[PDB]
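Comments concern the structure below.
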Amino acid sequence: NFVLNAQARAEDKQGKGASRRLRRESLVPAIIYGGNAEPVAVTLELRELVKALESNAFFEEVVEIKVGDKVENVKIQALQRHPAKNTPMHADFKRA
Amino acid sequence: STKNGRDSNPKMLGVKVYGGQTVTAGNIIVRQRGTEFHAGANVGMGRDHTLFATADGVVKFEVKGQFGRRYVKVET
Amino acid sequence: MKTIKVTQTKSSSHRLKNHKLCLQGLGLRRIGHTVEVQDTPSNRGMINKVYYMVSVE
Amino acid sequence: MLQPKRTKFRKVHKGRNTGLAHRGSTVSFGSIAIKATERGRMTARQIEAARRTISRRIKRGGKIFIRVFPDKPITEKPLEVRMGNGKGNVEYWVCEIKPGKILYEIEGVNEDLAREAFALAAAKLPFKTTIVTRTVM
RNA sequence: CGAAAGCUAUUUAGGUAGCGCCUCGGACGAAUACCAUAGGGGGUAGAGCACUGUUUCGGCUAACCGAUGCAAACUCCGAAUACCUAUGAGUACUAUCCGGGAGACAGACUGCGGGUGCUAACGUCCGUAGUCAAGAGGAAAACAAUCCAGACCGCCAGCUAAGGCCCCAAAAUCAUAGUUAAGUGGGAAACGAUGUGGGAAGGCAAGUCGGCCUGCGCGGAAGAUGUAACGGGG
RNA sequence: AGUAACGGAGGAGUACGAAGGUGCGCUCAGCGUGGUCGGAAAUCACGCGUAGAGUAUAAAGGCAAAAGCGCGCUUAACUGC
RNA sequence: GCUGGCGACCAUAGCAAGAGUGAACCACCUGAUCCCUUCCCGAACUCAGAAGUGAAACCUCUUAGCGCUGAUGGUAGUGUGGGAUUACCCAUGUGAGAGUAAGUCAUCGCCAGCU
Ligand SMILES: [Mg+2]
Ligand SMILES: [Mg+2]
Ligand SMILES: [Mg+2]
Ligand SMILES: [Mg+2]
Ligand SMILES: [Mg+2]
Ligand SMILES: [Mg+2]
Ligand SMILES: [Mg+2]
Ligand SMILES: [Mg+2]
Ligand SMILES: [Mg+2]
Ligand SMILES: [Mg+2]
Ligand SMILES: [Mg+2]
Ligand SMILES: [Mg+2]
Ligand SMILES: [Mg+2]
Ligand SMILES: [Mg+2]
Ligand SMILES: [Mg+2]
Ligand SMILES: [Mg+2]
């Protein structure tokens, strides 16, 4: 059982400059899709996610993402790492 | 001493009249080496594949057919 | 309606040609000059081109 | 020394080297790999030198995958000639290296020996490198 | 009032002619430009491997399949800008045409996109913007081409720009929280190292061990008249 | 659109009275099989995926109403514009 | 409800595999006498037909199997102002290609015949 404590990522926090500002303070953008609902943009914490990505069971079972009284049961779908440093930059999450 | 150093003179090919422009009958619309554009309604094609207008109207480009060709036509 | 006051702050002598024409098309003549213009989209376009040497209130 | 068997043209414009290596930057053949954290050129002589060093340390075990291939030719002018009169003659061949690109990969060795061999080979390269292992997503 | 150092041709190449760029007179006044909205066609940046080439490992019997890269003269794709047209606001003696008089056709540097050279040159050749040329004042010690700014004349008046406020020399020995001990600041790489400040984690039982990510420092560091690689004092 | 270098690569100084006009008509190349010499390739007959064939000639842009390939009749390879 | 013809559109519309139809229409089918053909051949092009069969074909229905379509988020690139000089950073505007979720076994116009 893994849990990543997220926060909402509305507009005017989406884009290229806003995402660079997010990463310059150790936060990671992410998106949640699947099911029958609309996607949900999210901000996760970098150290939390780095810690989670070291266990092989995180890639297989259902993870809980809490964006504030809203729990989502998702699986990690895709990951974007920086090419020179392996720092994760974006994560996709499929509703499961 | 080398074996290069040649070239041709320019030819000035291209689109002369764009979409939404008015034209008189006879105006050249496209100078092209092959048929990048094909002749639609009120447009003729010369011996060197020059597309020209044969009536007064307004130029319009489109894509048509089962081969997805580019056509230009004049709307009166 | 809506009207705005615009002031020229920096010099305009070594800017691009269209940036000098944007200032000339608003009524601005020198540093510290302030003019009063209508708040249309067409005026806002010129004000947006030269945001780095004008001040809007 | 690696080079293509035939090419379309002999000589090539200089060009610039910008950007990052988004494609050849994931371990895809073995367990452990050496990656470039900086940009530069890599001649065919340096490729062969690092290959020899690695395969000497590894005791002919496992496998080595070369993932860089030198296919861009470089010309020079002879000594004591003036500035005109055509382009020079092809002298050697390089691969362009953008930060992120995997250079070598090893298979079938425990990580400690692979890291010793990689530390031996990183001393013969013109840019800064790092060591990387396989990962899932 | 105010250029050009370009294009085309030349027994031409430091000459000259037509066109481009300046000026004066006449005609004619929104046709013109800037911006917004609307209608257009691209094959560049990037990317990709569908063609043309080239590259790596495997499978199968040169070729097909799987995985994996590259390209000025490859493209299944594909911008931002730029360019063309119509309509509209506001602000500008704008745009056109017809005549008199020219000069100029050796350019230079800086930034961006390139070819050539050694991604050398205060090198050379194009595109594009700024300055000089033909432009004075302030800063950069001094310093055509950098930064700020365009000098009609006069004033022992005032506010600012770039850059600055311990003394030479005008203005803070100003306030708040940190880092540096190297005169680092105030010249330089691969690489080396218990320097020192910060951060996310681990192993073992008065804590200890070594590992990563980072701010600022250390070594690597030898030249000829005189300190002489902060303008100086400091 | 245009754009320079003693920058990187290639061609031309012709051909054709049909290789021009016109009406009508056709569709390449590649592979596998069965077939007298005859074989990996002549000429047949039949199938599956196909634009990779061709164009007098270099490359590029093109080419199904084929601009590619045949047959009959012809001189519009006309005069004034 | 099954058709024939002419179009719009040009794969979310196509290829594959399966299944169905013969009143009518269409197709195969009969004969070459006449019209008309074959660089040979009634194969195809024609003509006069009507014993047959829905075998082949066409047409309509089923299944994403191959294809095609395709977000959102991020990334690359980039105009303008500033800072650095190996090609990046900051502000502001813009924004792919690839890949992921997902979608598709067609929509429509004019006419004539059948039941
Ligand atoms: Mg930006
Ligand atoms: Mg003047
Ligand atoms: Mg001259
Ligand atoms: Mg006049
Ligand atoms: Mg490119
Ligand atoms: Mg000259
Ligand atoms: Mg010049
Ligand atoms: Mg020079
Ligand atoms: Mg002079
Ligand atoms: Mg001056
Ligand atoms: Mg001065
Ligand atoms: Mg001075
Ligand atoms: Mg003082
Ligand atoms: Mg104090
Ligand atoms: Mg997007
Ligand atoms: Mg997309």
Side-chain angles (χ1 to χ4, degrees), chain A residues 9 14 16-17 19-20 26 29-34 38-39 41 46-47 50-51 77-78 80 85 89-90 92 94, chain B residues 1-6 10 12-22 30 32-37 49 59-61 64-68 70, chain C residues 10-11 13-14 16-22 24-27 31-32 35 37-38 40-46 48-49 51-53, chain D residues 2 4-20 22-24 28-29 39 63 65-69 71-72 76-77 83-88 95-96 123 126 128:
Chain A
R9 183 164 64 102
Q14 302 171 18
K16 173 198 237 155
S19 289
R20 288 200 190 173
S26 279
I31 183 90
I32 299 167
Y33 48 78
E38 313 314 292
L46 166 64
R47 48 162 200 80
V50 161
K51 176 54 183 156
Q77 178 77 6
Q80 298 182 16
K85 333 161 286 190
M89 292 176 104
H90 198 261
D92 284 2
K94 192 193 184 335
Chain B
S1 349
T2 92
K3 265 79 208 156
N4 304 325
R6 291 163 311 275
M12 286 65 88
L13 305 177
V15 171
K16 295 316 184 304
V17 184
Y18 289 93
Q21 291 199 216
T22 45
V30 190
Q32 38 175 20
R33 187 50 68 238
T35 44
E36 311 173 333
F37 306 93
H49 309 292
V59 175
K60 161 149 189 180
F61 291 88
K64 296 284 183 172
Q66 46 176 108
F67 324 113
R70 292 174 280 177
Chain C
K10 305 199 211 265
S11 196
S13 57
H14 320 294
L16 297 168
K17 158 183 171 173
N18 275 359
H19 290 200
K20 297 161 100 171
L21 293 175
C22 270
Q24 179 200 131
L26 278 175
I31 298 184
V35 296
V37 302
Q38 304 178 18
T40 69
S42 315
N43 275 331
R44 285 297 200 180
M46 283 184 286
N48 286 340
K49 274 271 167 72
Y51 74 106
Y52 58 87
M53 48 170 175
Chain D
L2 294 174
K5 313 170 170 185
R6 42 159 82 200
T7 66
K8 254 158 150 176
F9 313 98
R10 296 187 309 153
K11 304 161 172 198
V12 175
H13 285 349
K14 179 190 260 87
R16 311 285 103 101
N17 190 32
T18 62
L20 304 158
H22 290 280
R23 287 303 307 269
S28 293
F29 291 99
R39 66 175 20 97
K63 258 169 84 175
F65 301 87
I66 328 294
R67 294 197 65 193
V68 287
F69 187 84
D71 76 321
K72 163 184 197 91
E76 296 191 21
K77 285 298 209 57
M83 272 293 97
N85 218 342
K87 186 137 162 101
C95 190
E96 297 274 45
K128 306 205 196 72

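FYI, side chains are in, hydrogens and waters are out, and symmetry mates aren't considered; it's all heavy atoms of this structure. Order of the sequence lines fixes the chain letters, A, B, ..., with proteins taken first and strands second; residue numbering starts at 1 for each chain.
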- request: Test for a donor-acceptor pair under 3.5 Å between the base of E:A149 and the side chain of C:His14, counting only N and O atoms.
  value: yes
Of all heavy-atom pairs linking C:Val35 and C:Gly27, the shortest is CG1-O, 3.3 Å
Practice prompt. Please measure how far the P atom in F:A42 lies from the corresponding atom in F:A51, and state the result in whole Å.
Written response: 24 Å
For E:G130, the nucleotide meeting Watson-Crick or G-U wobble distances (both under 3.5 Å) is E:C109
(message) E:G39, OP1 or OP2 - any side-chain N/O from B:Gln21 closer than 4.0 Å?
(response) no
For G:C45, the nucleotide meeting Watson-Crick or G-U wobble distances (both under 3.5 Å) is none
Closest heavy-atom pair, D:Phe29 versus D:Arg67, reported as atoms and distance to 0.1 Å, is CE1-NE, 3.9 Å
- Query: For atom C1', what is the distance between E:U173 and E:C166, given to the nearest Å?
  - Reply: 5 Å
query = If you measure from the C1' atom in E:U44 to the same atom in E:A73, how many Å do you get, rounded?
reply = 15 Å
Of the candidates E:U68, G:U100, E:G123, the side chain of D:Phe29 sits closest to E:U68
C:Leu16 atom CG is separated from E:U131 atom P, nearest whole Å, by 11 Å
In whole angstroms, the gap separating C1' of G:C88 from CZ of D:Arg16 amounts to 16 Å
* To do: Return no unless some side-chain N or O of D:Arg23 is found under 4.0 Å from OP1 or OP2 of E:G69.
  => yes
Quick note, A:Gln80 side chain, CB onward, closest among E:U68, G:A101, G:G74 is G:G74
Quick note, C:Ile31 side chain, CB onward, closest among E:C35, E:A149, G:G73 is E:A149
The Watson-Crick or G-U wobble partner of E:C76, with both key distances under 3.5 Å, is none
Outer limits of RNA chain F sitting under 4.0 Å from a non-hydrogen atom of chain B, read 5' to 3', are F:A1 to F:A67
Are C:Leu21 and C:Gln24 close enough that some pair of their side-chain heavy atoms sits under 4.5 Å apart? yes
**Prompt:** So, is A:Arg47 near the phosphate of E:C213, with a side-chain N or O under 4.0 Å from OP1 or OP2?
**Reply:** no
Query - Test item: C:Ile31 and C:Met53 side chains (from C-beta on) under 4.5 Å apart, heavy atoms - result: no
Separation between NE2 (A:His90) and CD1 (A:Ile31), nearest 0.5 Å, reads 6.5 Å
In whole angstroms, the gap separating P of G:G79 from NE2 of C:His19 amounts to 13 Å
Whole-Å distance, C:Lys10 NZ to G:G81 P, equals 12 Å
Spell out yes or no: do the side chain of D:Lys63 and the base of E:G58 have one donor N/O and one acceptor N/O closer than 3.5 Å? no
Between the CG atom in D:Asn17 and the CZ atom in D:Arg39, the distance rounded to the nearest 0.5 Å is 5.0 Å
Assert: residue with more 5' nearest nucleotide on RNA chain F, out of D:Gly84 and B:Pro10, is B:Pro10
- Query: Does the ring of B:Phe61 lie flat against the base of E:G40, closer than 5.5 Å centre to centre with planes under 30°?
  - Reply: no
Taking E:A33, G:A91, G:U72 as options, the one with an atom nearest any side-chain atom of C:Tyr51 is G:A91
In Watson-Crick or G-U wobble terms, with both distances under 3.5 Å, the base opposite G:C66 is G:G14
Handout entry: Separation of the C1' atoms in G:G20 and G:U3, to the nearest angstrom
Key = 15 Å
### Query
E:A172 and E:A189: how far apart are their P atoms, nearest whole angstrom?
41 Å
Side-chain contact check for A:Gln14: nearest option of E:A149, G:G73, E:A89 is G:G73
Paired to F:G32 by Watson-Crick or G-U wobble criteria (both distances under 3.5 Å) is none
Looking only at E:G41, E:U52, E:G69, the nucleotide nearest the D:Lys8 side chain is E:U52
Heavy-atom nearest pair, C:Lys20 first then C:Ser13, reads NZ-O, 3.3 Å
Please indicate whether D:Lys87 has more than 12 foreign heavy atoms, meaning atoms of other residues, nucleotides or ligands, lying under 6.0 Å from its NZ.
yes
Closest heavy-atom pair, D:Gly88 versus D:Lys11, reported as atoms and distance to 0.1 Å, is O-NZ, 3.0 Å
By the Watson-Crick or G-U definition, both distances under 3.5 Å, E:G18 is matched with E:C7
Paired to E:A31 by Watson-Crick or G-U wobble criteria (both distances under 3.5 Å) is none
5'-most contact on RNA chain E (nearest-nucleotide basis), D:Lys128 vs A:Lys85, goes to D:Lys128
Notebook entry, point to check: Using centres under 5.5 Å plus planes under 30 degrees as the test, is D:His13 stacked with E:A72?
Noted result: yes
Closest non-hydrogen atoms of D:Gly86 and B:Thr2, given as atom of the first, atom of the second and distance, are CA-CG2, 4.1 Å
Classified by glycosidic angle (syn within 90° of 0, else anti), G:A64 comes out syn
Under 4.0 Å from OP1 or OP2 of G:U86: is there any side-chain N or O of D:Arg39 that close?
no
OP1 or OP2 of G:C90 versus the side-chain N and O atoms of A:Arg20: is any pair under 4.0 Å? yes
D:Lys14 NZ to E:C126 P, in whole Å, measures 18 Å
Counting only heavy atoms not in D:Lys72, do more than 12 sit closer than 6.0 Å to its NZ atom? yes
Between B:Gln32 and B:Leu13 the two heavy atoms that sit nearest each other are N-CD2, 4.4 Å
Of E:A33, G:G74, E:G41, the nucleotide closest to the side chain of B:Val15 is E:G41
Classified by glycosidic angle (syn within 90° of 0, else anti), E:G29 comes out syn
Assign each of D:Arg10 and B:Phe67 the nucleotide of RNA chain F bearing its closest heavy atom; nearer the 5' end lies the nucleotide of D:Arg10
| task | Report yes if at least one side-chain N or O of A:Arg9 is closer than 4.0 Å to OP1 or OP2 of G:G74; otherwise report no. | result | yes
Re F:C24: Watson-Crick or G-U wobble partner, both distances kept under 3.5 Å, found to be F:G70
E:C212 versus E:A201 - spacing of their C1' atoms, nearest Å:
9 Å
In whole angstroms, the gap separating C1' of G:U86 from CG of D:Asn17 amounts to 9 Å
Here the distance between atom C1' of E:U55 and atom CD of D:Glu96, to the nearest Å, is 16 Å
Whichever of C:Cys22 and D:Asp71 has the more 5' nearest nucleotide on RNA chain E, that residue is C:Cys22
Q) Donor-acceptor pair under 3.5 Å: do we get one between A:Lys16's side chain and the base of G:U78? A) yes
Distance below 4.0 Å between C:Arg44 side-chain N/O and E:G90 OP1 or OP2: no
Out of G:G73, E:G48, E:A47, minimum distance to the side chain of A:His90 belongs to G:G73
>> If the cut-off is 4.0 Å, is C:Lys49 near the phosphate of E:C35, judged by side-chain N/O to OP1 or OP2?
In response: yes
